């Protein structure tokens, strides 16, 4: 359970002069301009969701929504990248895809609510170590994954914790739903989180594009779910689509986390990939350009051209940042 000092420390935060729905929203400045960045991060998610009118529409009370965010926050660790700020950022970004990029037209209101909730649970208890680390080192979570036959080590873990938070009525944001609606809420959340495993990036992207070769059918379960998966994925690789100052700060965070993994691998005598090598050094610009060219740019370009036409700015900003990193070299 949550303490009343904890709830009130978040409840009292308001943003009258800072628009949390904007594509230019700067979470780094929001964090840096307070002495309580975890409270401000929780208030951004809370006010963003209450402001939309979605929780209220699905019988999710203000207290339950606030309890849920705080339970999620407790399960986020002090790591450079996969910390609470990342999921608040993903939530805020998906919101912009839905309501600034008009993707809300392609999904039901319930599915928009589920997506925003899912963003907040999608990396629960991440240790700043990737799936490969768990498998190479034969860690208890890796062993658990191998024996159960589910290769997405962290993603299954993220789902288990989401289901656990939601098992408590005081934090069940889906507690106000019933029957088909409730099943859809859990099924869609679980499928979205499982879709975030990057070892399955091209699988999800190509399953989506083939479904969109024919007319978009909202009556089709697969069409909606694949759209939900693509938006969760887009939120996850969205740091490339932000203003250069913001994009650079996420680039530095992911670099430091990756380097800490590499250092732990060196200490354990397991294989280290160049991307995770701290002592030897690669320019930040090079990492980002490679990331954009082989992953981020084709992803955004293909989904935009296939169906998500309103998300054109994501393609534009990624290119502008790619050009800026090229200048850095």
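Positions refer to the first chain, counted from 1.
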query: Residue stretch of maximal mean CA temperature factor, 237-245 vs 90-98; finding: 237-245
query: Given 183-191 and 124-132, the range whose Cα B-factors average higher in the PDB entry; finding: 124-132
query: Peak C-alpha temperature factor (PDB record), options 43, 60, 30, 275; finding: 275
query: Given 286, 260, 47, 36, the residue at which the Cα B factor reaches its maximum; finding: 286
query: Residue 67 - which third its CA temperature factor falls in, relative to the rest of the chain; finding: lowest
query: Ranked C-alpha temperature factor of residue 304 among modelled chain residues, by third; finding: highest
query: Third assignment of residue 78 from its chain's C-alpha B-factors; finding: middle
query: Third of the chain's Cα B-factor distribution that residue 174 belongs to, per the entry; finding: lowest
query: Cα B factor band for residue 144 (lowest, middle or highest third within the chain); finding: highest
